[PDB]
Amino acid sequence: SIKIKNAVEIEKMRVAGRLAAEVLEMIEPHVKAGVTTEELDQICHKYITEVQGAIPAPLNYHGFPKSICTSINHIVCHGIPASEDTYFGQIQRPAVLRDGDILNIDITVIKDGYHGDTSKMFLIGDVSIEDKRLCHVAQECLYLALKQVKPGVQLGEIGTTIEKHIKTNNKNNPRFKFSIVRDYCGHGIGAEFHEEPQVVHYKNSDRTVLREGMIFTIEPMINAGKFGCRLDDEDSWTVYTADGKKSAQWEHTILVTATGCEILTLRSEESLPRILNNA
């Protein structure tokens, strides 16, 4: 059943959302060539627990071995912080940032029983034009989906909007053609991490109607190659592009308002309004 948050729950979700954004703002100066994902995990864990008085959800509730997810390059999602680069057979399982890398840091914070879920891309040193375009177009996908959100809109319009943007990108930029990951989706979020509904990022005809008070994530994963993914069966978590090309993701937790949406995880650096009037 999809939850409609009451005024008290919305305020707690606003606090959780800001805390999750704050972690991403705090960590930025630590993100650079030669730092391990393990170090970033230690700094975030300590900040979340000691400064925010909050909980890292993945470590405590999801059976994740660390506090944050750190996905580099061809890792799509659920990269595991570590101190050393390892291998899944022939596939690199990176842990140490290099010039030219792209990194997603994925933060899920709980404060007073409510969740804030967000992620962003960081560009490490001099990143190629193709990697910049991938990160940029993935963020455009999130931002354009947000512009469609208001009461009465069918859920399928989110993925339909994202796929329309990627189709246009691919028609206009044959050198920088992208695909949408199909295996992972956004989701209702609140008192529980995984609530209804499921939010797919590709073209679909889901007729679920958005209502004021619903809270859910939009988190499109865009691949520089084909859409397919491969799960690390050794560590249970790491998801790779099946073709070894890079992948980028941006996520916000969002509240449906009377006329649009509120971006609970908005960061200070973003040129996106915290409250969109899409009416």
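Residues carry their position along the shown sequence, with the first being 1.
Between 149-157 and 167-175 (mean CA B-factor, as deposited), the higher = Between 167-175 and 149-157, it is 167-175 that shows the higher mean C-alpha B-factor.
task = State which stretch shows the higher mean Cα B factor in the entry: 84-92 or 67-75.
result = Stretch with the greater average CA B-factor: 84-92.
Member of 218, 239, 51, 33 with the greatest C-alpha B factor (per the PDB record) = Most elevated C-alpha B-factor of the set, per the entry: 51.
ask   = Taking the values straight from the PDB record, which of 25, 262, 270, 11 has the highest C-alpha temperature factor?
value = Each of 25, 262, 270, 11 was compared by C-alpha B-factor; the highest is 11.
request  = Name the third of the chain's ranked CA B-factors that contains residue 111, choosing lowest, middle or highest.
outcome  = Its C-alpha B-factor, which the entry lists for residue 111, ranks in the highest third among residues of this chain.
ask   = C-alpha B factor of residue 195, ranked within the chain: lowest, middle or highest third?
value = It falls in the top third of the chain.
key: Lowest, middle or highest third - CA B-factor, residue 246   = Lowest third of the chain for residue 246's C-alpha B-factor.
query = residue 183: which third of its chain by C-alpha temperature factor?
reply = Residue 183: CA B-factor falls in the highest third of its chain.
key: Record-listed C-alpha B factor of residue 223: chain third   = CA B-factor rank for residue 223: lowest third.
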